[PDB]
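Peer 1: My structure is in data_27.tsv, and what it holds is TSV, C-alpha atoms and all ligand atoms:
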```
chain	number	residue	atom	x	y	z
A	1	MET	CA	0.00	0.00	0.00
A	2	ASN	CA	1.02	3.49	-0.97
A	3	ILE	CA	-0.30	6.95	-1.87
A	4	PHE	CA	-1.06	5.95	-5.40
A	5	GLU	CA	-3.03	2.87	-4.51
A	6	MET	CA	-4.62	4.68	-1.71
A	7	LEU	CA	-6.00	7.52	-3.86
A	8	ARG	CA	-6.84	5.22	-6.71
A	9	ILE	CA	-9.12	3.36	-4.30
A	10	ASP	CA	-10.68	6.57	-3.04
A	11	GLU	CA	-11.29	8.24	-6.43
A	12	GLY	CA	-11.83	5.48	-8.87
A	13	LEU	CA	-10.95	5.61	-12.52
A	14	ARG	CA	-13.13	7.09	-15.25
A	15	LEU	CA	-12.27	7.73	-18.79
A	16	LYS	CA	-15.11	10.02	-19.80
A	17	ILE	CA	-15.97	13.42	-18.33
A	18	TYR	CA	-18.06	12.95	-15.18
A	19	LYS	CA	-19.48	15.01	-12.35
A	20	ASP	CA	-17.78	14.64	-9.09
A	21	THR	CA	-19.74	14.52	-5.79
A	22	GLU	CA	-19.95	18.42	-5.83
A	23	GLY	CA	-21.30	18.33	-9.42
A	24	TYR	CA	-18.03	19.37	-11.08
A	25	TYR	CA	-16.61	18.12	-14.16
A	26	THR	CA	-13.88	15.67	-13.57
A	27	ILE	CA	-12.11	12.87	-15.48
A	28	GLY	CA	-9.47	10.12	-14.77
A	29	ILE	CA	-8.50	9.54	-11.17
A	30	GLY	CA	-10.16	12.51	-9.49
A	31	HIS	CA	-8.75	15.15	-11.78
A	32	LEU	CA	-11.05	18.22	-11.50
A	33	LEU	CA	-11.38	19.86	-14.78
A	34	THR	CA	-13.40	22.85	-13.99
A	35	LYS	CA	-15.80	24.28	-11.49
A	36	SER	CA	-17.95	25.59	-14.31
A	37	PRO	CA	-21.28	24.40	-15.32
A	38	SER	CA	-20.12	24.41	-18.87
A	39	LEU	CA	-19.28	21.17	-20.45
A	40	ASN	CA	-17.61	22.73	-23.32
A	41	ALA	CA	-15.57	24.62	-20.94
A	42	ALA	CA	-14.79	21.32	-19.40
A	43	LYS	CA	-13.91	19.87	-22.79
A	44	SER	CA	-11.52	22.70	-23.52
A	45	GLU	CA	-9.77	22.23	-20.17
A	46	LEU	CA	-9.45	18.58	-20.98
A	47	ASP	CA	-7.79	19.18	-24.34
A	48	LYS	CA	-5.52	21.68	-22.90
A	49	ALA	CA	-4.44	19.27	-20.18
A	50	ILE	CA	-3.91	16.34	-22.44
A	51	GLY	CA	-2.51	18.20	-25.39
A	52	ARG	CA	-5.01	16.97	-28.00
A	53	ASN	CA	-8.61	16.96	-29.21
A	54	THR	CA	-9.88	14.39	-26.81
A	55	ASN	CA	-13.53	14.73	-27.48
A	56	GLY	CA	-14.17	14.23	-23.60
A	57	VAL	CA	-12.48	10.86	-23.62
A	58	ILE	CA	-8.99	9.79	-22.73
A	59	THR	CA	-7.10	6.54	-22.44
A	60	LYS	CA	-5.90	4.77	-19.30
A	61	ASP	CA	-2.34	5.97	-19.93
A	62	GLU	CA	-3.47	9.70	-20.14
A	63	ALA	CA	-5.45	9.25	-16.90
A	64	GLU	CA	-2.39	7.82	-15.18
A	65	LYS	CA	-0.19	10.63	-16.53
A	66	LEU	CA	-2.61	13.21	-15.07
A	67	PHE	CA	-2.65	11.33	-11.79
A	68	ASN	CA	1.15	11.34	-11.44
A	69	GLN	CA	1.23	15.03	-12.03
A	70	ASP	CA	-1.56	15.68	-9.57
A	71	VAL	CA	-0.06	13.64	-6.82
A	72	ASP	CA	3.27	15.42	-7.46
A	73	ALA	CA	1.56	18.83	-7.25
A	74	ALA	CA	-0.25	17.92	-4.00
A	75	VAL	CA	3.04	17.02	-2.25
A	76	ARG	CA	4.73	20.09	-3.47
A	77	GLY	CA	1.85	22.19	-2.39
A	78	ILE	CA	2.26	20.86	1.14
A	79	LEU	CA	5.92	21.48	1.21
A	80	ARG	CA	5.53	25.00	-0.02
A	81	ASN	CA	2.94	25.76	2.53
A	82	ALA	CA	4.35	27.34	5.60
A	83	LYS	CA	1.67	26.14	7.90
A	84	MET	CA	1.51	22.65	6.52
A	85	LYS	CA	5.06	21.72	5.99
A	86	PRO	CA	5.85	21.38	9.65
A	87	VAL	CA	2.92	19.15	10.39
A	88	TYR	CA	3.78	17.05	7.50
A	89	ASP	CA	7.41	16.77	8.49
A	90	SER	CA	6.49	15.77	12.01
A	91	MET	CA	4.64	12.66	10.75
A	92	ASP	CA	5.44	9.05	9.82
A	93	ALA	CA	5.04	7.92	6.17
A	94	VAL	CA	1.56	6.48	6.54
A	95	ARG	CA	0.13	9.54	8.10
A	96	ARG	CA	1.84	11.68	5.51
A	97	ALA	CA	-0.05	9.70	2.84
A	98	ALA	CA	-3.25	10.56	4.70
A	99	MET	CA	-2.34	14.24	4.50
A	100	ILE	CA	-1.56	14.08	0.78
A	101	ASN	CA	-5.00	12.35	0.19
A	102	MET	CA	-6.85	15.22	1.82
A	103	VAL	CA	-4.80	17.87	-0.08
A	104	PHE	CA	-5.47	15.99	-3.23
A	105	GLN	CA	-9.24	15.99	-2.66
A	106	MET	CA	-9.74	19.39	-1.21
A	107	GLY	CA	-6.94	21.59	-2.17
A	108	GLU	CA	-4.59	23.48	0.06
A	109	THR	CA	-7.52	25.76	0.69
A	110	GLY	CA	-9.95	23.20	2.12
A	111	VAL	CA	-7.14	21.60	4.29
A	112	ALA	CA	-6.38	24.88	5.71
A	113	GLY	CA	-9.67	24.96	7.75
A	114	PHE	CA	-8.31	21.91	9.56
A	115	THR	CA	-5.99	24.04	11.61
A	116	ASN	CA	-7.06	22.79	14.90
A	117	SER	CA	-6.90	19.16	13.92
A	118	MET	CA	-3.51	19.77	12.42
A	119	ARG	CA	-2.13	21.33	15.60
A	120	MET	CA	-3.33	18.20	17.51
A	121	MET	CA	-1.77	16.11	14.98
A	122	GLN	CA	1.46	17.93	15.40
A	123	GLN	CA	1.30	17.22	19.03
A	124	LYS	CA	0.53	13.55	18.22
A	125	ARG	CA	-2.87	13.49	19.89
A	126	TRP	CA	-4.36	11.10	17.41
A	127	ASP	CA	-7.65	10.12	18.93
A	128	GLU	CA	-8.60	13.75	19.53
A	129	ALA	CA	-7.67	14.93	16.11
A	130	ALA	CA	-9.85	12.16	14.61
A	131	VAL	CA	-12.78	13.38	16.54
A	132	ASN	CA	-12.31	17.00	15.60
A	133	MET	CA	-11.83	16.11	11.98
A	134	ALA	CA	-15.21	14.38	11.91
A	135	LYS	CA	-16.92	17.66	12.75
A	136	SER	CA	-16.72	18.88	9.20
A	137	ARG	CA	-18.53	19.35	5.97
A	138	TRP	CA	-15.95	17.02	4.50
A	139	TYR	CA	-16.96	14.12	6.74
A	140	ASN	CA	-20.63	15.03	6.23
A	141	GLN	CA	-20.44	14.98	2.43
A	142	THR	CA	-18.16	11.97	1.81
A	143	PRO	CA	-18.33	10.04	4.93
A	144	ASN	CA	-16.94	6.60	3.86
A	145	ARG	CA	-13.86	8.32	2.38
A	146	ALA	CA	-13.51	10.66	5.25
A	147	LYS	CA	-13.67	7.70	7.61
A	148	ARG	CA	-10.89	5.86	5.78
A	149	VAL	CA	-8.57	8.87	5.92
A	150	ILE	CA	-9.34	9.67	9.55
A	151	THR	CA	-8.60	6.04	10.65
A	152	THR	CA	-5.43	6.29	8.80
A	153	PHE	CA	-4.35	9.32	10.72
A	154	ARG	CA	-5.71	7.88	13.81
A	155	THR	CA	-3.91	4.56	13.57
A	156	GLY	CA	-0.93	5.26	11.43
A	157	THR	CA	-1.71	1.89	9.65
A	158	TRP	CA	-3.37	0.96	6.24
A	159	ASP	CA	-6.08	-1.08	7.86
A	160	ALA	CA	-8.99	0.86	6.48
A	161	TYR	CA	-7.70	0.17	3.07
A	162	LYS	CA	-7.00	-3.56	3.47
B	1	CL	CL	-3.40	19.82	-15.95
B	2	CL	CL	-17.86	8.68	0.62
```
Would you put the structure from the file into structure tokens?
Ligand SMILES: [Cl-]
Ligand SMILES: [Cl-]
Peer 2:
Amino acid sequence: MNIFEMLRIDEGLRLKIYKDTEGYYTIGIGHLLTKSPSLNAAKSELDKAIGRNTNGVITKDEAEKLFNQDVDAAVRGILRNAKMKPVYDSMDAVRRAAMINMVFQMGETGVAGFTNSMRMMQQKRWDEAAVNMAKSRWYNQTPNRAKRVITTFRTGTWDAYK
């Protein structure tokens, strides 16, 4: 188990434009194309990303290429963030994967309202942070996923994924 398998379980794999759980256009392994209601807009973003006239459809290889880039950008976003970097550095590898999953799903922006949980996490108060994290829109909207991620932080093991 690793970050790639972990997120691939959480996001699934789709080769045609689809609406995520927030109603946004997405494709591949959770790659958000656009927050706009416009599908054409979404199709243009897709072509731009892939480098061709996709017609709203990509192959498995293109999906995987997007996913590599996105996981790479999530990490780097953490590291560049002044408030995140230190939490991230204080953690073991498993818990770091949990942090990358959340950044992947919600952006540096969404993860940033998790300040309190993060400070507990820094202090290694796992059970408490798990509880606080559950008090969120995030847990409310995608509970099964949220649960998997929270156990992961809580335990520091891959159990919720095995
Ligand atoms: Cl892109
Ligand atoms: Cl869910």
Peer 1: Give me the residues near range 124-134 of chain A as number ranges by chain, where near means some atom within 8 Å (using all atoms listed in the file) and where sequence neighbours in that chain fewer than 4 positions away do not count.
Peer 2: A: 114, 116-118, 120, 138-140, 146, 150-151, 153-155
Peer 1: Would you tabulate, counting all atoms listed in the file, all residues of chain A that have an atom at most 10 Å from an atom of ligand CL 2 (chain B), showing the closest pair of atoms and their distance in Å to one decimal, sorted by chain then ascending number, as JSON lines?
Peer 2:
```
{"residue": "A:10", "atom": "CA", "partner": "B:CL2", "partner_atom": "CL", "distance": 8.3}
{"residue": "A:11", "atom": "CA", "partner": "B:CL2", "partner_atom": "CL", "distance": 9.6}
{"residue": "A:21", "atom": "CA", "partner": "B:CL2", "partner_atom": "CL", "distance": 8.9}
{"residue": "A:138", "atom": "CA", "partner": "B:CL2", "partner_atom": "CL", "distance": 9.4}
{"residue": "A:139", "atom": "CA", "partner": "B:CL2", "partner_atom": "CL", "distance": 8.2}
{"residue": "A:140", "atom": "CA", "partner": "B:CL2", "partner_atom": "CL", "distance": 8.9}
{"residue": "A:141", "atom": "CA", "partner": "B:CL2", "partner_atom": "CL", "distance": 7.0}
{"residue": "A:142", "atom": "CA", "partner": "B:CL2", "partner_atom": "CL", "distance": 3.5}
{"residue": "A:143", "atom": "CA", "partner": "B:CL2", "partner_atom": "CL", "distance": 4.5}
{"residue": "A:144", "atom": "CA", "partner": "B:CL2", "partner_atom": "CL", "distance": 4.0}
{"residue": "A:145", "atom": "CA", "partner": "B:CL2", "partner_atom": "CL", "distance": 4.4}
{"residue": "A:146", "atom": "CA", "partner": "B:CL2", "partner_atom": "CL", "distance": 6.7}
{"residue": "A:147", "atom": "CA", "partner": "B:CL2", "partner_atom": "CL", "distance": 8.2}
{"residue": "A:148", "atom": "CA", "partner": "B:CL2", "partner_atom": "CL", "distance": 9.1}
```
Peer 1: Output the neighbourhood of ligand CL 1 (chain B) as a PyMOL selection string, that is, all protein and nucleic acid residues with some atom at most 10 Å from the ligand, counting all atoms listed in the file.
Peer 2: chain A and resi 31-33+45-51+65-67+69-70
Peer 1: What does the distance from CA of residue 92 in chain A to CA of residue 80 in chain A come to in Å, to one decimal?
Peer 2: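 One can read the CA of residue 92 in chain A to CA of residue 80 in chain A distance as 18.7 Å.
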Peer 1: Calculate how many Å separate CA of residue 103 in chain A from CA of residue 52 in chain A, rounding to one decimal.
Peer 2: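 So the answer is 27.9 Å.
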Peer 1: Enter the distance from CA of residue 122 in chain A to CA of residue 106 in chain A, in Å, rounded to one decimal.
Peer 2: 20.1 Å
Peer 1: Can you pull out the residues contacting residue 71 in chain A? Cut-off 10 Å, using only C-alpha atoms, and skip same-chain residues under 5 positions away; I want them as a PyMOL selection string.
Peer 2: chain A and resi 3-4+7+66+76-77+100-101+103-104
Peer 1: Ranking A:62, A:96, A:88, A:83 by minimum distance to residue 109 in chain A and counting all atoms listed in the file, which one comes first?
Peer 2: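 That would be A:83, the residue with the smallest distance to residue 109 in chain A.
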Peer 1: With all atoms listed in the file as the atoms that count, which of A:15, A:162, A:38, A:113 lies nearest to residue 135 in chain A?
Peer 2: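 With all atoms listed in the file as the atom set, the closest residue is A:113.
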Peer 1: Would you kindly return, as an MDAnalysis selection string, each protein, DNA or RNA residue with an atom no farther than 10 Å from any atom of residue 34 in chain A, considering only C-alpha atoms and excluding same-chain residues fewer than 6 positions away?
Peer 2: chainID A and resid 24:26 41:46
Peer 1: Hey, which of A:55, A:36, A:123, A:157 ends up closest to residue 19 in chain A? Count only C-alpha atoms.
Peer 2: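 That would be A:36, the residue with the smallest distance to residue 19 in chain A.
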Peer 1: Leaving out residue 64 in chain A and any residue of its chain fewer than 3 positions from it, which residues lie within 10 Å of it when counting only C-alpha atoms, given as a ChimeraX atom specification?
Peer 2: /A:8,13,28-29,59-61,67-70
